[PDB]
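S.K.: quick one: initial chain(s) of a complex, as found there:
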Amino acid sequence: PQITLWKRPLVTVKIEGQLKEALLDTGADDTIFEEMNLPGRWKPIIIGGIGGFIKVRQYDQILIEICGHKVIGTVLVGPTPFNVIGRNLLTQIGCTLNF
């Protein structure tokens, strides 16, 4: 689908049987989510953004279904004010910016 930018690019995602809206963020290298449980072992990491840094739990090989499209990749879990889909996953769906 084509998405304009007059409103926040929210999309519903299915991840670990959980339904959530997520922000298609081209400014995000990686995908981070609010607190929720996921499969496998994880590494603690710190990510930097506007205003400072936050500690998050790093998880690899996470299944997310995004607007009917399937993807697997790294998903970080931490105190983000919003769920964002970063570029690590936007690529796999062939998402592009266009103007």
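M.R.: Thanks, I have the structure now. Numbering: from 1, shown residues only, chains lettered A, B, ... in the order given.
S.K.: Could you report the distance from residue A:71 to residue A:5?
M.R.: 22 Å (CB to CB, to the nearest Å). (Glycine included, C-beta is placed from N, CA and C.)
S.K.: Now do residue A:30 against residue A:21, distance only.
M.R.: With CB to CB as the criterion, residue A:30 and residue A:21 are 18 Å apart.
S.K.: Of residue A:71 and residue A:5, which one has the most company?
M.R.: Higher neighbour count among residue A:71 and residue A:5: residue A:71, with 20 against 9, using other CB atoms under 10 Å.
S.K.: beta partners of the more buried one?
M.R.: residue A:64 (DSSP bridges).
S.K.: That one and residue A:86 touch, don't they?
M.R.: No. Between residue A:71 and residue A:86 there is no contact under CB atoms under 8 Å: 11.5 Å.
S.K.: Compare residue A:30 and residue A:21 and say which one has the larger neighbour count.
M.R.: It is residue A:30, of residue A:30 and residue A:21, that has more neighbours when counted by other CB under 10 Å, with 19 against 11.
S.K.: Hmm, the more buried one is touching residue A:91, no?
M.R.: No. In this structure residue A:30 lies outside contact range of residue A:91 using CB under 8 Å: 11.7 Å.
S.K.: Show me what counts as buried in stretch A:74-82.
M.R.: A:74-78, A:80 (16 or more other CB atoms under 10 Å).
S.K.: Now do the SS call for the residue lying closest to residue A:69 once chain neighbours are set aside.
M.R.: Nearest non-adjacent residue to residue A:69, counting by CB to CB, 6 or more residues apart in numbering: residue A:93, 4.8 Å away. With DSSP: H, G, I helix; E, B strand; the rest coil as the basis, residue A:93 sits in coil.
S.K.: slot chain B in:
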Amino acid sequence: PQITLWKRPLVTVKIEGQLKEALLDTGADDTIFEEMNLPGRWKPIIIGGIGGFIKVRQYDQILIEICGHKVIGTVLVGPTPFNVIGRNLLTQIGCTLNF
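M.R.: Let me put chain B in with the others:
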């Protein structure tokens, strides 16, 4: 132009005679830049991100030239680690996400 997301969507920008690379950020409501002087008065404001908050000087009706396209709108100046082009300006060029 069509832009893939395997690398950061950086673009060269011209703003107040200054050349700058900026991040096309669909996760950014507004456009912010690192410290720089711009003409006229400004209002102090606070913006929120993943790491926390920062105070920035708000300027309205700012001319920015982006990859050959011209736009005018609000541009904030503050301690961002990167210059980002938020949705307040991404719309005016008719930028869209596509997958």
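S.K.: Residue A:59 against residue A:77, yeah?
M.R.: Yes. The criterion here is CB under 8 Å, and residue A:59 meets it with residue A:77 at 6.7 Å.
S.K.: shared neighbours, those two?
M.R.: Overlap of the contact sets of residue A:59 and residue A:77 (by CB atoms under 8 Å, 6 or more residues apart in numbering or on different chains) consists of A:38, A:42.
S.K.: And the strands in chain A?
M.R.: For chain A, the strands defined by DSSP state E occupy A:2-3, A:10-15, A:18-24, A:31-33, A:42-49, A:52-66, A:69-77, A:84-85, A:96-98.
S.K.: can you put those strands in CSV and add distance to chain B?
M.R.: Shown next, in CSV, are the strands of chain A (distance: least, CB to the nearest CB, whole Å):
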stretch, distance to chain B
strand A:2-3, 4
strand A:10-15, 10
strand A:18-24, 6
strand A:31-33, 8
strand A:42-49, 3
strand A:52-66, 3
strand A:69-77, 7
strand A:84-85, 6
strand A:96-98, 4
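S.K.: Mind putting these into JSON lines with distance to residue B:42?
M.R.: Below are these laid out as JSON lines (distance: least, CB to CB, whole Å):
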{"stretch": "strand A:2-3", "distance to residue B:42": "32"}
{"stretch": "strand A:10-15", "distance to residue B:42": "31"}
{"stretch": "strand A:18-24", "distance to residue B:42": "28"}
{"stretch": "strand A:31-33", "distance to residue B:42": "32"}
{"stretch": "strand A:42-49", "distance to residue B:42": "23"}
{"stretch": "strand A:52-66", "distance to residue B:42": "23"}
{"stretch": "strand A:69-77", "distance to residue B:42": "35"}
{"stretch": "strand A:84-85", "distance to residue B:42": "29"}
{"stretch": "strand A:96-98", "distance to residue B:42": "29"}
